């Protein structure tokens, strides 16, 4: 089955939101639909924002690395993207939860503003919630070391 050229829209490029504030949102937490989170909750420390879903085999694979980073003091926030809430809860309970906040993006409206088109994807934000880098696909030790860590270290200092 032949397939012609399909071009990602500009908002989906890693470079799209560099130097821009994290998009505004008002969304329920994963574990409690009565607890609301906004982009204000993302501010304070340089951090990773990781987009994931239980539908995503690559997120299963990426999980140990996120845990490894959190153990080293790295703040990581999770956006649970277009997922089954019950399944997401199980995932956060049965696996070693690396996330300081878990945002339920069930309709993908936050992902839409971010240019999300799959998972995992990871954003580096500074203390003010400004986006400084985006990784498309699994972050492993080499991706961390070469593509995030030097930026992250600069944001700490």
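Positions refer to the first chain, counted from 1.
For the segment pair 3 to 11 and 146 to 154, the entry gives 146 to 154 the higher mean B-factor, averaged over Cα atoms. Mean C-alpha B-factor is higher over 65 to 73 than over the other stretch, the pair under comparison being 46 to 54 and 65 to 73. Residue-level inspection of the entry shows that, of 117, 99, 91, 123, 91 has the top Cα B-factor. Per the deposited coordinates, the residue with the largest Cα temperature factor out of 59, 95, 27, 30 is 95.
When the modelled residues of the chain are ordered by their C-alpha B factor, residue 109 lands in the middle third. Among the modelled residues of its chain, residue 134 has a C-alpha B-factor that falls in the lowest third according to the deposited record.
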